[PDB]
Protein chains: 2
Amino acid sequence: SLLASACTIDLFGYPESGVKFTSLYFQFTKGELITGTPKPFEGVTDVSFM
Amino acid sequence: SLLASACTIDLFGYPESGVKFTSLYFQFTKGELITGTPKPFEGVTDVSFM
Ligand SMILES: *[C@@H]1O[C@H](CO)[C@@H](O[C@@H]2O[C@H](CO)[C@@H](O[C@@H]3O[C@H](CO)[C@@H](O)[C@H](O)[C@@H]3O)[C@H](O)[C@H]2NC(C)=O)[C@H](O)[C@H]1NC(C)=O
Ligand SMILES: *[C@@H]1O[C@H](CO)[C@@H](O[C@@H]2O[C@H](CO)[C@@H](O[C@@H]3O[C@H](CO)[C@@H](O)[C@H](O)[C@@H]3O)[C@H](O)[C@H]2NC(C)=O)[C@H](O)[C@H]1NC(C)=O
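Residue numbers count from 1 along every chain, following the sequence as written rather than necessarily the entry numbering; any residue without coordinates is not displayed. Numbering of ligands from 1 and lettering of chains from A proceed in the order in which they are written. Scope of values: the displayed chains only, which are part of a larger assembly. Each side-chain value is derived from all of the structure's non-hydrogen atoms; neither hydrogens nor water enter the calculation.

Method information in the entry identifies cryo-EM as the source of the structure, with 3.5 Å recorded as the resolution.

The name given to chain A in the PDB entry is Spike glycoprotein, and the organism recorded there is Porcine epidemic diarrhea virus. What the PDB entry is called, per its title line, is "Cryo-EM structure of porcine epidemic diarrhea virus (PEDV) spike protein".

Within chain A, the secondary structure is distributed over zero helices and two strands. Computation of the radius of gyration draws on C-alpha atoms, with the globule rule given as 2.2 Å multiplied by the number of residues to the power 0.38. Computed over the C-alpha atoms, the radius of gyration of chain A is 17 Å, more than 25% above the 10 Å expected from 2.2 N^0.38 for a compact globule of 50 residues. The principal-axis extents of the C-alpha atoms in chain A amount to approximately 50 × 30 × 15 Å. Throughout this description, buried means an accessible area under 20% of the type-specific maximum (1.4 Å probe, protein chains only), exposed means over 50%, and partly exposed covers the range between. Burial statistics for chain A: of 50 residues in total, 4% are counted as buried. Split by element, the accessible area of chain A, about 5100 Å² in all, is 58% carbon and sulfur. Runs of H or I in DSSP of at least four residues are treated as helices and runs of E of at least two as strands, each being numbered from the N terminus. Method for areas: the Shrake-Rupley scheme with a 1.4 Å probe, in which residue coverage is limited to the protein chains shown.

What follows deals with the site of ligand 2. All names here are of chain B. In the region of ligand 2, the neighbouring residues are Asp-46, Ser-48, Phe-49 and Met-50. Taken by itself ligand 2 offers 740 Å² of open surface, and the protein chains cover 19% of this. Residues were grouped as follows: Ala, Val, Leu, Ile, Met, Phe, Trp, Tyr, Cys and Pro as nonpolar; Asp, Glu, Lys and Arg as charged; and all remaining residues, including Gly, as polar. Grouping the constituent residues of the shell around ligand 2 by class yields two nonpolar, one polar and one charged. In these notes, residues near a molecule or strand are those with any non-hydrogen atom within 4 Å of it.

The next thing to look at is the site of ligand 1. Residue and element names in this part refer to chain A. Taken together, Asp-46, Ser-48, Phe-49 and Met-50 make up the full set of residues near ligand 1. Taking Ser-48, its main chain carries an N or O atom lying 3.2 Å from an oxygen atom of ligand 1. Summarising the interface, the protein chains cover 19% of the accessible area of ligand 1, which totals 740 Å² for the free molecule. Looking at side-chain class alone, the shell around ligand 1 contains two nonpolar, one polar and one charged residues. Within 3.5 Å is the distance limit for a polar contact, defined as a pair of N or O atoms, with the added protein rule that one can donate a hydrogen and the other accept it, and that residues adjacent in sequence qualify only through two side-chain atoms.

Turning our attention to the side chain of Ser23(A). Residue and element names in this part refer to chain A. Summarising the element assignment, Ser-23 is placed in strand β2 (residues 19–26). Engagement of the side chain of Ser-23 in a polar contact is seen with the side chain of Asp-10, the distance being 2.7 Å. Any two residues whose heavy atoms approach within 4.5 Å at even a single point are treated as in contact. Setting aside anything within four residues of it in sequence, one finds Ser-23 in contact with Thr-8, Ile-9 and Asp-10.

In this structure, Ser5(A) takes a positive phi of about 50° despite not being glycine. Within the element layout of this structure, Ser5(A) appears in the segment before β1 (7–13). Judged by its relative accessible area of 76%, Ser5(A) is exposed. Phi angles above zero are rare outside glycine, and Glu16(B) is one such case at about 35°. When you line up the elements, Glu16(B) lands in the loop between β1 (7–13) and β2 (19–26).

Here is the structure:
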């Protein structure tokens with residue numbers, strides 16, 4: 001659904017005459033608390049590494 | 001319908017309280033192959049002229 005102050009990602013299909021499947025609205029703000037990691041961590045007491 | 005990566009031309013009417021009749025979505029890329037000429041050519045073996 002539409003969120004205030006959000007950007008949109010439009011998902012399309014070409015079935016073989018394309019259609020729009022859905023519109024994903026992303027509402028977000030910047031900072032450190034939430035991180036989009038590629039996967040869950042396992043056996044991890046401290047997520048950070050280097 | 002909506003096309004991915006397309007521009008829109010909105011067609012409106014004022015009937016005498018206006019309405020939008022339709023939205024035309026244009027999906028295109030640049031180059032030489034397809035040309036929007038004003039009309040068909042007749043008796044033409046070579047479309048180009050100068
Ligand atoms: C930032 O500094 C902290 C503190 O030194 C680093 O955390 C330390 O990370 C090491 C390596 O994972 C931990 O050692 C581990 O201890 C556990 C038992 O608790 C053991 O099972 C593992 O084999 C390993 O020896 C250490 O506990 C941990 N120290 C603390 C107090 O957090 C951290 O790694 C640094 N940041 C980054 C980028 O990793
Ligand atoms: C780019 O150069 C080509 C090649 O010279 C030009 O094409 C030539 O155009 C002339 C004029 O239309 C053609 O002459 C015509 O011949 C037909 C019979 O085939 C005849 O019925 C007409 O009365 C006229 O005499 C000629 O055939 C044609 N040559 C070839 C091989 O394409 C062309 O005009 C040039 N590009 C542009 C911008 O026109």
